[PDB]
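Colleague: give the three-dimensional model of this entry:
(one chain, ligands or ions: 2)
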Amino acid sequence: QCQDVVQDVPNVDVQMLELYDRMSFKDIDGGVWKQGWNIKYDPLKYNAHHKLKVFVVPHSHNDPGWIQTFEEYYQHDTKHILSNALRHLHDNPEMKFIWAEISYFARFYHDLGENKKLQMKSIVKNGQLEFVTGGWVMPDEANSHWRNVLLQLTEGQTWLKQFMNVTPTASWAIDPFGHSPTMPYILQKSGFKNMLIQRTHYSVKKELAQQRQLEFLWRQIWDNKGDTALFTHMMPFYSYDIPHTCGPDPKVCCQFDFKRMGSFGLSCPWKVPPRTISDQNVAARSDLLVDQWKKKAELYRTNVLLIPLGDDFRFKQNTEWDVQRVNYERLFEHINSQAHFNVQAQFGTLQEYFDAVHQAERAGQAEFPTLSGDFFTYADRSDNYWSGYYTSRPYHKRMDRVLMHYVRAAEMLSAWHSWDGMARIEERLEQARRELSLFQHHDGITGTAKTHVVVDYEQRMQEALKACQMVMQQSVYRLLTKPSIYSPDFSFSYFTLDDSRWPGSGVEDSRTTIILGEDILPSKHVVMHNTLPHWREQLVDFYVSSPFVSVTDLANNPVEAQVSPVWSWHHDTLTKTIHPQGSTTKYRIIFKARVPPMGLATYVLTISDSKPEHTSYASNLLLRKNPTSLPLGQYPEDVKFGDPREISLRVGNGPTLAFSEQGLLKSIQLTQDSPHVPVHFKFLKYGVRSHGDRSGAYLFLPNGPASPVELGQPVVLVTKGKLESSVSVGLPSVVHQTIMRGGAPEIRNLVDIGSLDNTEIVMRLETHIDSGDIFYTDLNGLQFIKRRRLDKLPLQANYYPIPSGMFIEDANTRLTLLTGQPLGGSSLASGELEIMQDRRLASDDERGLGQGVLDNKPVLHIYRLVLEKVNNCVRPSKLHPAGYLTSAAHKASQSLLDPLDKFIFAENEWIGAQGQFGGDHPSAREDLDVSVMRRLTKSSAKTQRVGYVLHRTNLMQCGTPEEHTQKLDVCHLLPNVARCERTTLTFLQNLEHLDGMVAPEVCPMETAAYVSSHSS
Ligand SMILES: OC[C@@H]1[C@@H](O)[C@H](O)[C@@H](O)c2[nH]cc[n+]21
Ligand SMILES: [Zn+2]
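Modeller: Residues are numbered from 1 along each chain as shown. Ligands and ions are numbered 1, 2, ... in the order given. Shown next is the protein structure:
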């Protein structure tokens, strides 16, 4: 039934880890094709009965923000490109154009008059204007979470289906900085049949070109049977621009970019300008161009050749449309009429190219190789590896993950009901999805935009968060209020969200204190939401104005709680120390919330005049020389002081953690009986080269291995409680915190790199795990891929994206670090893991940004650290390219990315309040998630429709006996189901009408989408 994703090593022609191990990577001068070789072809290959079919595909790369904001580019460039494309395509029926970025197309098309909308639909319908991919953006593939790649894809394709009546099945990704197999995974489950990529390491292009393996069936690394495969075309040369798309010699190809003759302020760096095609030169020019084409064709297996014709923000001026079109028309007329070339050349679209390739394949002209793996880390030349952007602008990388979860929660919470249009739910959700989708752009989450553009993205995401909160709190008020009492004002704020980790302590004082007092308000309701489809317990904390607070559930059952002080860290410019201060006006209360699957649970906080029975108080110990007092208002336990010393802590029956006198982990003991396993946290710094190429937002070019941060004698704060303990230390640039709640610790770093120029701060873990040169990192939060550190590559090439986690292991032991934000990282030596925290760079790195990275701001990075025994786990064989998390590590990742949401009732009395929502929801097996729940219909639809994306991961089997769990049938989550359909992941096509209206669960590592229809 399900394929085994662990025990069967797929047989593929190209496996990228294996290729990397055998490949040389030497950077030799290949001639005019600087990174290749002098291509030779047999003139007799093509003849009257076997012609080269050439598709020249005009395109325009439109960054939705980069050096200018989205709106700046729309006004200065893109609106003119699309307006002129409409006119020129309309007037020139054989001309063609492809378009990828639906954010801009939707921005344009809603400003069009109906006349022009009709003209636009007609050039789309007749095939002249073709959408490729059709996502909101062309997303980053390194840092983006798969859920947000799907979100943006769905945003763009839903728009296209509604307004243009088309759904692309060919993808175009010419600019992400390296490529991930998460894309063919999502695309193939979204109806796609073909995809194109460009930015892969120059050594890989050379190696695959030599074997004519640039077109391949790209399957997932665990996929033995190949049902995930998607036909992929990799472009062979250094750029998607015209000099690097006609053939191997850019000095020749630049002469066929007719925008470079001078009046457009562009030129050919190879010093030979384009010449206008005329009758007198067209034979000569045609000979030059066809020779480039036939050389490019030698790198591919069919007689169908793709020639992209475009560059950034091209096809803007009317004169530009004319100069490209007319000159190419003159070339085509001559070439196609001269039999000796045995070429038929024409403007085409991407789908036309792929259709002809597969016609050639079906006619037995070619068979394509199979490939698995990824295309990280990219280098475009020499040792210039693009691993910098795995970390650049980490504040916004973390914000991406926060907004990711708020969008899911807002869509899910509001999906349970139909809402009147006056509630503006659909409007607020559309804004939130679109701002998050825009940020998936390969200059958004990547941290490669200009400072003012990063500010625009942040402002947009802030508005999106506000939109999510609004939707979420209205939905909680409706879900938990007795129906005949529910009396909404859709503008009102019934609850506010409390988020302990965003923007996070010492990032902003954006947390509300619940103010209670005998003379004002005795108690407060709080509500937790659990977006995950299983019952979940999680400690939650709130700020309260008294330490004397007790917690009850909504059967008035006491709930055990712990109160701790509110500590904030300060750089004391007087004492020249980083040290904590305790609030004397507010306190933290912590308790375990238990919440139904996809549900809500209400608790009550009540003040009392003295210590409540079921509330305990943490002790606090400040370790530093020369201490001074730390009063804590009414907090009942006095702070203790001591000189720095090693300390050990244990919460519950969980691990025992030992810390150095500088407050950093040194060992973990899993059980009373077990060994203290060395696990040492260390902070180090990388610098920048004084000679040669400089690191910048894209590139990581360290001046050698990292050097330890000089820590001096830092102040360490130990808080010990029954429910939660922690060790926090004020290091230079980092307030580092280890938090213990009874299982794997949580690490929080408040990272403020300040004015440390040309510095990259890394967090490293040092262990005795005999990992050798192997480690594992995830791709887009979806899968873990085996990495091998290669000493034939420089340090920065051994850096990979860490979008959600990484691990190392040996036969017996594994250490897994889960992240709440994408960052760059590696294992640079056996037993080590490391992950970059922030980077501040004074210089530009020659990739077009025209600035360094000097706009850092404090960011709270969050992690879970899971040390496990794995000798009993059933793991893949040594040759398998994948790895898989354990249950504990997967749950720890979920605790970071989709924590409980916390709501505080905003007024004094909630009348009609209810205790729980969702208690009858099925509690699904732990490896299954409802990644998306989205109502797809507005309230006036007679047939309501709700879409669900179901993802099952694959967890390692390590001998924990399985317990029965309930089957989750998403189609019966809402009443009056009238139909259940399996759909593509965008919900845009029905694939199966399901028996009994039951949505089956999915196999490990698969993702499916279902839509339930309900009579209303
Ligand atoms: O070098 C990479 C940068 C990218 O950041 C932009 O997305 C891309 O469109 C572009 N054009 C020129 C230079 N660049
Ligand atoms: Zn771009």
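
Colleague: all contacts plus neighbour counts: C-alpha atoms, from now on.
Modeller: OK.

Colleague: in space, what's closest to the residue in the chain that ligand 1 sits nearest to - neighbours in sequence excluded?
Modeller: Nearest residue of the chain to ligand 1 (CA to the nearest ligand atom) works out as residue 847 at 3.8 Å. In this structure, residue 847 finds its nearest non-sequential neighbour in residue 698, 7.5 Å apart by CA to CA, 6 or more residues apart in numbering.

Colleague: please apply the same query to residue 563.
Modeller: residue 589 (4.4 Å).

Colleague: what is the helix or strand where the one you found lies packed up against?
Modeller: Element membership of residue 589 [criterion: DSSP states H and E] is strand 577-595. On a contact count with 3 or more CA pairs under 8 Å, 6 or more residues apart in numbering; DSSP states H and E, strand 577-595 meets strand 523-530, strand 536-544, strand 561-572, strand 599-607, strand 725-731.

Colleague: make CSV from those strands and add mean neighbour count and distance to ligand 1 to it.
Modeller: Below are these laid out as CSV (neighbours: other CA atoms under 10 Å; distance: least, CA to the nearest ligand atom, whole Å):
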stretch, mean neighbour count, distance to ligand 1
strand 523-530, 24, 37
strand 536-544, 19, 40
strand 561-572, 20, 36
strand 599-607, 23, 40
strand 725-731, 24, 33
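
Colleague: kindly indicate whether residue 452 is helix, strand or coil.
Modeller: Under DSSP: H, G, I helix; E, B strand; the rest coil, residue 452 falls in the helix class.

Colleague: do the same with residue 748
Modeller: Applying three-state DSSP: residue 748 is strand.

Colleague: show me the contacts for it.
Modeller: Residue 748 makes contact with 736, 737, 738, 739, 860, 861, 862, 863, according to CA atoms under 8 Å, 6 or more residues apart in numbering.

Colleague: repeat the analysis, applying 7 Å as the threshold.
Modeller: Residues near residue 748 by CA atoms under 7 Å, 6 or more residues apart in numbering: 736, 737, 738, 860, 861, 862, 863.

Colleague: host element of the last one?
Modeller: Under the criterion of DSSP H and E, residue 863 resides in strand 859-869.

Colleague: go on, residue 151?
Modeller: Going by DSSP H and E, residue 151 is in helix 146-164.

Colleague: for that helix, packing partners?
Modeller: When contacts are defined as 3 or more CA pairs under 7 Å, 6 or more residues apart in numbering; DSSP states H and E, helix 146-164 packs onto helix 425-439.

Colleague: can you pull the buried residues of the helix it packs on?
Modeller: With burial defined by 16 or more other CA atoms under 10 Å, the residues of helix 425-439 counted as buried are 425-426, 428-429, 431-439.

Colleague: list the contacts of residue 799.
Modeller: Counting by CA under 7 Å, 6+ apart, the residues that residue 799 touches are 387, 824, 825, 826.

Colleague: grab the nearest non-local neighbour of the third one.
Modeller: It refers to residue 825. Nearest one to residue 825, counting by CA to CA, 6+ apart, is residue 835 at 4.1 Å.

Colleague: pull the most distant pair out of the contacts of residue 748.
Modeller: Among these, the pair separated by the greatest distance (CA to CA) is 738 and 860, at 13.0 Å.

Colleague: please parse the protein into its domains.
Modeller: 1-382, 383-493, 494-618+899-920, 619-898, 921-1016 (curated CATH domains).

Colleague: near ligand 1, which residues of the stretch 301-450 of the chain are found?
Modeller: Within the stretch 301-450 of the chain, the positions near ligand 1 by CA under 6 Å from any ligand atom are 442, 443, 448.

Colleague: could you measure from the residue nearest the centre of the chain over to residue 669?
Modeller: With distances taken as CA atoms, centre = their mean, residue 144 lies nearest the centre of the chain, 1.4 Å away. Separation of residue 144 from residue 669 (CA to CA, to the nearest Å) stands at 35 Å.
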